[PDB]
Amino acid sequence: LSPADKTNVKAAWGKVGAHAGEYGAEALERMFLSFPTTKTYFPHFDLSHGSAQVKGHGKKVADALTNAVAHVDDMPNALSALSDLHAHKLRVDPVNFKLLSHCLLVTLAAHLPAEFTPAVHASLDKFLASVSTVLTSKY
Amino acid sequence: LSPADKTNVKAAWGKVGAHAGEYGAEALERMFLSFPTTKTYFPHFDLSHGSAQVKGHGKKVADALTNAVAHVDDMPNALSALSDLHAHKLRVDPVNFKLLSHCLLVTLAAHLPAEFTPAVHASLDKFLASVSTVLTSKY
Amino acid sequence: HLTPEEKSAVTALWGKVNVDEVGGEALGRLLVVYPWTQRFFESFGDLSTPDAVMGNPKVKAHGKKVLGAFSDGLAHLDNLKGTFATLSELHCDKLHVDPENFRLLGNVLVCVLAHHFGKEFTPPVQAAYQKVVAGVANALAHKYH
Amino acid sequence: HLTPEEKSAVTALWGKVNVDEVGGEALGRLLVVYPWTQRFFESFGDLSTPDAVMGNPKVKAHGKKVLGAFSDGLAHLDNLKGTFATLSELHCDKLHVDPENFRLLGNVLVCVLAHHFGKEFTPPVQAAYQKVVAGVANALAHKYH
Ligand code: HEM
Ligand code: HEM
Ligand code: HEM
Ligand code: HEM
């Protein structure tokens, strides 16, 4: 992750702004619709459209991503508890992280047309990839 | 990785000993036979059985792996030139790194039956995965 | 396997797609985001900078051809395997392109459609298009199966 | 697509495979090396340690069943898709196993065969067995295609 990537990601996530929780909920909804095998990880969840549980989970995921953007240089230390949770208690298959990264990128492209230049797209792809490796680093 | 992973990998690669170049040549031959799409990366090579070019390349790969074992705590700094080569000049598709890792594991299993316990297998798989991520971190 | 509503939505959205720019955008974004794919296009000239990639006439024309292939596949959703037989031959036996790159390009195209259509690219529309691009990649990768 | 020599070599090597231990060993090694696959076997007891995994009677019996399925697939190399239709249904529409784990298990089995047979597991034999396990994984992943 280069300093240009860091600048691009910080700018894009700043223009995301206070819409982060809604964007994360939308990304989770897109993941559930496009890849229904991802829904098996939320057996006790209500995953219908407009669900408050999905809203809250999207807010949590977005806040974790905001913290990661705040700590790009210290992501492994910032995401240690999350990595522990996902890799050990959840046992989440690492392909689902690619799926969620793609859905997050699609949400960002659909909501920020001007910001989604090819360079910003590459920077966000690399940032979400690094987040995924940190969350799967305990395997 | 882990300290136990480091101990297991060091023990296995020490048991490899002075057969490292031959083992690397065998792993490259296995990769060429099982995965013919890998051969495209080496067009000016004679890739027939017993080829001296494949012997020398296997020696080079094995020596790089020995250096990585010796610098398991500083692999990104030890493998910087190699990562630059493979990502910028050669532009190797990252799936071939998984292919070569599998062929190396198969060579190790076939040559060291006693050493290839499940724990050593897991440690070696983790070590080769980390080597692959270091070599693919410069696109 | 698209429902009639999914097929209707996909066709309606594809009706408004610029057949001259979208394929070049998708191909250039693939080359920028996954720069190991540039190895297949070394005869296309300068690809060092994102600006150079997105300003390449060769990239634009090749993306036009790829978009035309996608349109042909969309017009024959029930015969994807037979539609892409020649292209599967060309990509596997001649170019040795890993099938993972087909899904990478399909996801890049989904991102480009989202970027172009905004709020109209709803999650159901995205799910239908994900099914479409997965089918296209599977049909293109048949030679390795 | 196996040549007659590849088929003969695969059959000859499989004739010497211990049908009571190899499958359990391969399944246990899959669980140890890819610990997220343990998610699918939480009714199997203790899997916290590699020793506990390789000492699990449930793992041994399930590995026996998986090895029997592999032997059945090897007996019909030209009808892998039809041989694994019921198992593909079970793994996809009931278990939701990502098809990457099928290739992971095939590669673990290749490693186990190498560890058991040593010098007999020549690179040509390994290439034939890689073809076999790739075909088996493709047949098992048909439901998602
Ligand atoms: C960028 C990627 C991801 C981020 C930032 C993320 C973030 C989070 C956060 C913040 C939590 C709540 C932890 C807590 O409250 O202590 C959580 C829980 C959880 N995550 Fe993720 N996650 C990611 C990827 C995934 C994926 C790909 C899946 C499955 C396909 C997944 C499944 C779960 C599950 C099942 C929970 C438990 C929530 C519950 O049971 O209430 N996560 N994640
Ligand atoms: C553990 C993984 C790998 C290691 C340790 C490794 C190591 C090396 C080394 C030491 C060199 C020589 C560099 C020099 O002489 O300065 C090299 C070159 C090269 N490698 Fe790798 N490599 C790995 C993976 C791969 C893979 C997976 C491929 C392709 C499928 C590949 C393709 C090449 C090519 C084409 C060259 C150029 C050699 C020549 O043109 O003479 N490498 N590698
Ligand atoms: C995923 C969907 C894809 C579609 C629908 C597609 C479609 C096409 C089409 C229509 C052509 C022109 C064939 C001709 O002019 O005779 C072509 C050629 C080519 N494609 Fe693809 N392509 C796809 C993916 C890829 C990817 C991912 C790569 C590389 C990473 C790639 C590399 C090439 C190359 C190098 C050629 C030039 C070969 C030639 O023109 O004869 N393609 N493809
Ligand atoms: C790759 C080749 C594989 C083969 C040939 C195979 C074969 C089998 C067989 C024969 C059964 C028994 C079905 C029955 O008793 O009715 C089974 C069940 C099962 N398999 Fe697989 N398997 C494979 C891969 C996997 C993988 C990679 C996983 C998990 C990561 C998995 C998870 C399961 C589970 C949880 C069951 C129990 C489900 C049930 O019996 O209802 N399998 N498989």
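Throughout, a chain's letter reflects where its sequence line sits, starting with A, and its residues are numbered from 1. All ligand and atom numbering here is 1-based and tracks the order in the structure.
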**OP:** Over 60° means perpendicular and under 30° means parallel, so classify the ring planes of A:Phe45 and A:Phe42, tilted if in between.
**Re:**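 The rings of A:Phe42 and A:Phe45 stand perpendicular, inter-plane angle above 60°.
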**OP:** Please state whether the rings of C:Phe102 and C:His91 are parallel, tilted or perpendicular, taking 30° and 60° as the class boundaries.
**Re:** perpendicular
Original post:
Just wondering, are more than 12 heavy atoms of other shown residues or ligands nearer than 6.0 Å to NZ in A:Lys10?
Top reply: yes
**OP:** Kindly check if the number of other-residue, nucleotide or ligand heavy atoms within 6.0 Å of NE2 (B:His88) is above 12?
**Re:**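 Yes, NE2 of B:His88 has more than 12 neighbouring heavy atoms, counting only those of other groups under 6.0 Å.
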Just to confirm my output: which protein heavy-atom neighbour is closest to [atom], and how far is it?
{"atom": "atom 16 (O) of ligand 1", "result": "A:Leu85 CD2, 4.8 Å"}
{"atom": "atom 32 (C) of ligand 4", "result": "D:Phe41 CZ, 3.5 Å"}
{"atom": "atom 1 (C) of ligand 1", "result": "A:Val131 CG1, 3.8 Å"}
{"atom": "atom 27 (C) of ligand 4", "result": "D:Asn101 O, 3.5 Å"}
{"atom": "atom 24 (C) of ligand 4", "result": "D:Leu105 CD2, 3.5 Å"}
{"atom": "atom 2 (C) of ligand 4", "result": "D:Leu140 CD2, 3.7 Å"}
{"atom": "atom 4 (C) of ligand 4", "result": "D:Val66 CG1, 3.6 Å"}
{"atom": "atom 35 (C) of ligand 4", "result": "D:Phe40 O, 3.5 Å"}
{"atom": "atom 39 (C) of ligand 1", "result": "A:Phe45 CE1, 3.8 Å"}

May I ask you to list the atoms of ligand 1 that are less than 4.0 angstrom from any heavy atom of [X]?
{"X": "A:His44", "value": "40 (O)"}
{"X": "A:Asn96", "value": "27 (C), 30 (C)"}
{"X": "A:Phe97", "value": "24 (C), 25 (C), 27 (C)"}
{"X": "A:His57", "value": "17 (C), 18 (C), 19 (C), 20 (N), 36 (C), 38 (C), 43 (N)"}

Hey, are [X] and [Y] close enough for a salt bridge, meaning a charged N less than 4.0 Å from a carboxylate O?
{"X": "C:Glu42", "Y": "C:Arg39", "result": "no"}
{"X": "D:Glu25", "Y": "D:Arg29", "result": "yes"}
{"X": "C:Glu89", "Y": "C:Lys94", "result": "no"}

Tell me the closest heavy-atom pair linking [X] and [Y], and the distance in Å.
{"X": "A:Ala122", "Y": "C:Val32", "result": "CB-CG1, 4.1 Å"}
{"X": "C:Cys111", "Y": "A:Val106", "result": "SG-CG2, 3.9 Å"}
{"X": "B:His102", "Y": "D:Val110", "result": "NE2-CG1, 3.8 Å"}

**OP:** Have a look at D:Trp36 and tell me which of A:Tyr139, A:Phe97, A:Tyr41 forms a ring-ring contact (aromatic ring centres under 6.0 Å, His included) with it.
**Re:** A:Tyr139
Test of understanding: given a 4.0 Å heavy-atom threshold, classify the contact between [X] and ligand 1 as side chain, backbone, both, or neither.
{"X": "A:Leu100", "value": "side chain"}
{"X": "A:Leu135", "value": "side chain"}
{"X": "A:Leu82", "value": "side chain"}

Subject >> Aromatic ring proximity, centroids under 6.0 angstrom, D:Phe44 and D:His62 >> reply: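 Ring centres of D:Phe44 and D:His62 closer than 6.0 Å.
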Subject >> Ligand-side contact atoms (ligand 3) for residue partner C:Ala69, heavy atom cut-off under 4.0 Å >> reply: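 Every atom of ligand 3 under 4.0 Å from some heavy atom of C:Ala69: 5 (C), 10 (C).
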Subject >> Ligand-residue contact atoms, ligand 3 with C:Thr37, heavy atoms, under 4.0 Å >> reply: 30 (C)
**OP:** Please step through side-chain contact (heavy atoms from CB on, under 4.5 Å) for the pair D:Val112 and D:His116, ending with a clear verdict.
**Re:** CA-CA 6 Å; D:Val112 167; D:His116 276 231; 3.9 Å; yes
Measuring to protein heavy atoms, does anything land under 4.0 Å from [atom]?
{"atom": "atom 42 (N) of ligand 3", "result": "yes"}
{"atom": "atom 29 (C) of ligand 3", "result": "yes"}
{"atom": "atom 21 (Fe) of ligand 3", "result": "yes"}

Considering [options], which one's heavy-atom position lies nearest to [atom]?
{"atom": "atom 34 (C) of ligand 1", "options": "A:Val61, A:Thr40, A:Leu90", "answer": "A:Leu90"}
{"atom": "atom 14 (C) of ligand 4", "options": "D:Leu95, D:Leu104, D:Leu90", "answer": "D:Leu90"}
{"atom": "atom 9 (C) of ligand 3", "options": "C:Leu87, B:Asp93, C:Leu27", "answer": "C:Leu87"}
{"atom": "atom 15 (O) of ligand 1", "options": "A:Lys60, A:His86, A:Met31", "answer": "A:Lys60"}

**OP:** Any chance you could measure C:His145, atom NE2, to D:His142, atom NE2, to the nearest 0.5 Å?
**Re:**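 Output value for this atom pair is 11.0 Å.
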Original post:
Looking at CG of A:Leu79 and CG of A:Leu85, how far apart are the two atoms once the value is rounded to the nearest 0.5 Å?
Top reply: 12.0 Å
Subject >> Side chain, backbone, both or neither: C:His91 near ligand 3, heavy atoms under 4.0 Å >> reply: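 Side chain only.
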**OP:** Examine ligand 4 and decide if any of its atoms is less than 4.0 Å from a heavy atom belonging to D:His62.
**Re:**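 Yes, D:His62 has a heavy atom closer than 4.0 Å to ligand 4.
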**OP:** Mark up the atoms of ligand 4 that fall under 4.0 Å of a heavy atom belonging to D:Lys65, in ascending order.
**Re:** 10 (C)
Subject >> ligand 4 atoms in contact with D:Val97 (distance to a heavy atom under 4.0 Å) >> reply: 28 (C), 29 (C), 30 (C)
**OP:** Applying side-chain contact (heavy atoms from CB on, under 4.5 Å), run through D:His76 and D:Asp72 and close with a yes or a no.
**Re:** CA-CA 7 Å; D:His76 314 96; D:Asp72 199 47; 3.7 Å; yes
Original post:
Do D:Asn101 and A:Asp93 have side-chain atoms, one donor and one acceptor, less than 3.5 Å apart?
Top reply: yes
